[PDB]
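A single chain comes next, written as structure tokens; it is the form deposited in one PDB entry.
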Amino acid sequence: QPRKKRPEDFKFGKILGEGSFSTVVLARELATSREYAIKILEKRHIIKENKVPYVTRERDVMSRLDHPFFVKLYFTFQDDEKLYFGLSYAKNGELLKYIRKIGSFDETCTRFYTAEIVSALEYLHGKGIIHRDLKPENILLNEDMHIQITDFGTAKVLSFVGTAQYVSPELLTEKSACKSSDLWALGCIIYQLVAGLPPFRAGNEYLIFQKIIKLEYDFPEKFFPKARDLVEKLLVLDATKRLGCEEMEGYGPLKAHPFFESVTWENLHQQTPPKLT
């Protein structure tokens, strides 16, 4: 394999963002001029907060993925103090940014991006991997405005509860995650694209969780009817009754939903995304 890379091989630039246990920094490789998003973690901190399993899982899961709709892990290295993961730089940033900018997506854009997310989940679930924290913050956009899903340290390969707005009722009642937990999140995301806001909203996490377990949400007027029907088939309390799950016979029936009638599923990454407003 190519020589193990080192910090001195790069010109580090701006911080892209900061998390509780990592910082992602844009960096240009001197030998190639390539730009990578480098995620940097301090070994001592990860060890003190008992996060070794999550960092290990992040590397291991991303190393297994080989599909256009995921961020790529190109390389890893470490110095005495830090771990460095070299990732795709998804130049257009978070899907959440576009939701906030545009407001609500039109039906064409909703369909196209939902289709890419579904296709990505089909790939992931096919590998027996559950994301467990699917949300617009973690669905990035490349330079060509195709999706690139990230954030795999908290994945489950067939304890953790993800972002409250997207939490499935089973994680609150049974303390257990399955592939269908990601399908509930998909439902929330479709709703969010169409309505501009996610379906379960309240002033704190407790109040959100109470809404989720009671299925307490409503659709806005003019919500595209076939998208409403799809969301109703994903936001189902019983995880074995969600469209897409193995007990509902998998991704075929989901991709066959009438909302997706005009979608060509075989080659979405080669299609030109519709312009967002």
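Start at 1 and count along the sequence shown; that's the residue number.
In the deposited sequence, the stretch from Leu158 to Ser159 hides 10 or more residues that have no coordinates.
Annotation for 220 to 228 versus 26 to 34: the higher mean temperature factor (C-alpha) is found in 220 to 228.
162 to 170 and 142 to 150 differ in mean CA B-factor, and the higher of the two is recorded for 162 to 170.
The residue among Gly93, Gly103, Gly187, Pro199 whose C-alpha carries the highest B-factor in the deposited model is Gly103.
The residue among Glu205, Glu122, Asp133, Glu137 whose C-alpha atom has the highest B-factor in the PDB entry is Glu205.
Annotation for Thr76: C-alpha temperature factor in the middle third relative to the rest of the modelled chain, per the entry. In this PDB entry, the Cα temperature factor of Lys233 sits in the middle third of its chain's modelled residues. Among the modelled residues of its chain, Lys211 has a C-alpha B-factor that falls in the middle third, as given in the PDB entry. The deposited CA B-factor of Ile46 belongs to the highest third of values across its chain. Ranked within its chain, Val61 lands in the middle third, by CA B factor from the PDB record.
What comes next is about the form deposited with a partner chain bound, which is not displayed.
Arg59 is the sole member of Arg59, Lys211, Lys226, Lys233 with a non-hydrogen atom lying within 4.5 angstroms of its partner chain in the entry with it bound. In summary, among the residues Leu197, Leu96, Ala202, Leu83, the only one with a non-hydrogen atom within 4.5 Å of its partner chain in the entry with it bound is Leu83.
With the partner omitted here, the stretch from 67 to 75, 175 to 183, 189 to 197, 98 to 106 that lies within 4.5 Å of its partner chain by heavy atoms in the entry with it bound is 67 to 75. The candidate spot formed by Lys4, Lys43 and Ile46 is fully in contact with its partner chain in the entry with it bound: every one of the three has a heavy atom within 4.5 Å. Interface residue remark: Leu26 is not counted as part of the site for its partner chain in the entry with it bound, having no heavy atom within 4.5 Å. Taking the partner from elsewhere, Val55 is found to have a heavy atom lying within 4.5 Å of its partner chain in the entry with it bound.
Interface residue remark: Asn50 is not counted as part of the site for its partner chain in the entry with it bound, having no heavy atom within 4.5 Å. Its partner chain is not shown here, and in the entry with it bound it never comes within 4.5 Å of any heavy atom of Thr240.
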